[PDB]
Structures are given as C-alpha cells and as structure tokens.
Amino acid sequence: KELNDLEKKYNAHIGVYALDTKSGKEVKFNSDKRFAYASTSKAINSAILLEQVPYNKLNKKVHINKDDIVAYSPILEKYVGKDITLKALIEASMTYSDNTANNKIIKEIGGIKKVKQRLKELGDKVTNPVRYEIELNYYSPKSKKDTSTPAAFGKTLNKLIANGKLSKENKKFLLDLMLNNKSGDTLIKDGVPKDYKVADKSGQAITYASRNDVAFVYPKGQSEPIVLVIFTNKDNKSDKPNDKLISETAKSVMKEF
C-alpha cells in the first residue's frame, strides 16, 4: 500500500528509510523530516559503548545509587546502592527499555557531549542528542531537541552496527538482544513475512503519539540485513499511536526488497 495512503488511513506522519546493505538500495519517505527518536537511541548508545569495550570486558562494574534512578527503570530500580556489570546494563536497556541503564550508558561513553562528538565522526550532523532520560521524551514539533531524520538515523545504525567497528561477539550480543526483545512484536516484527528475522528497538515519546521502530531485517537466504527506520507521529500533543501503522508501513516497504 502507498505510504501516503497509510498516512491518510491512520491519520499520521510517516518517515521511512530503508537500506539493503547488500545492494546499497534505499527506500525513502519523508526521510529528511525530524522526528523524536525516543528509546530507539538506546540502540545507538549501546553500540557506541560496545566500540570501546570488548566483549570480554563487559563483566566490568558500575555502582548505582538513588541519584541514578529516573522513571521506568524496571531493572535498575532493584540496584540502588548496588553494582551492575556493563553487560547487564545493556540488556536492561535493550530488553526492558530501562531508562536508568540508558543514562549510565551515556555516562560511561562519557556524556551526551561524547555521543554527539562520535555522531559527527560518523558524518551524522543531524541526530540531535540534548537531554537524558526521561526528558528527552518531551517532544515538541518546534524543538530539534532529541530528534533525527529517518535518513540520518538510518545511516548511523548502518555505520555503527551493520558495517561498523564492532567485534564479532559484541555485534552478536547486541543483535541477539534485538531479536529476542519481545516489546517490538506489534511493530516491524508484525509487518514482515514469516520468513524474516527482525532485530528491532522500539520507542515512544511522551507527546504527539511518537511511535518508532528501527530494525535489522534479515530476509531468508540473505545474510546482510535491510536497515529499516520507521518514525511516526500525529498532529495532537495528546494523540495515542496505533501500532498497526508501523506493522503496515513495514509490510509495504518489504515489497521493494
């Protein structure tokens, strides 16, 4: 189905960027529009830490205190005044979408400053990390704070994971979390054919029914993933997202590959 027609049908704005890393073939829809990325950056944050810490060192520990906790920290909440390994941080962040794990991660990398630095080095001058969790979820169509374009975000994932500097194991560790993650089930995982493997990281901003899904999609018989970035929003601040919109956009995009 047409992407515009999906916009119409679901009464929403869609931004799509798809790269078959095999062919170099891109699918684009509103790919230069800014959208709040939300928890989808947990993926980006996670990869960056992993370029600086070999798999064998994930056993390293970080001390968590009451000052570390932010809302929606289903895992980290139990670690107050405790230590956690880098490995468990990442798993908390990617699997349960733990906000505190994401924040400690950004810290480990060295701050937003360092994330931002790293992005420019990948040639990403678009992705705009400004706040920590959970504030970064406070989206305004009038602020560029914590937003990116489907195209810049999509090129970043590609340079970071798909064709990056990650070790084999790290790469696999991250990707295994994206595959197993059960939170993205209604998203991209629900729109592609039965055959494909879907490594996703979903997101949801607080405002304007900001519902996202990024993935490394593996068509049966293909070992190279299609990078798929789906950013969505609505016109009203208080609008509720419909997951079906993404499943359906995913399905439409799959057709081109």
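Sequential numbering from 1, following the sequence displayed. Only the largest set of C-alpha atoms that superpose within 1.5 Å between the two forms is called the rigid core.
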Next on the checklist: Please tell me which region, 54-62 or 204-212, has C-alphas lying farther from the displayed form on average in 4 other deposited structures of this protein, with superposition done on the core.
Outcome noted: 204-212
Checklist outcome for this item: Averaging the C-alpha temperature factors as deposited, the higher value of 124-132 versus 99-107 falls on 124-132
Item to check | Mean C-alpha temperature factor, higher of 109-117 and 82-90 | outcome: 109-117
Checklist entry - According to the deposited entry, which of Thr232, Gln222, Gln204, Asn45 has the largest Cα B-factor? => result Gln222
Next on the checklist: Splitting the chain's C-alpha B-factors into thirds, which one does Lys168 fall into?
Outcome noted: middle
Checklist entry - Would the CA B-factor of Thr186 place it in the lowest, middle or highest third of its chain? => result middle
Checklist entry - Relative to the other modelled residues in the chain, which third contains the C-alpha temperature factor of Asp200: lowest, middle or highest? => result lowest
Next on the checklist: Quick check on the deposited entry: does the C-alpha B-factor of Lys57 sit in the lowest, middle or highest third of its chain?
Outcome noted: highest
Checklist outcome for this item: Split the chain's modelled residues into thirds by Cα B-factor; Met178 lands in the middle
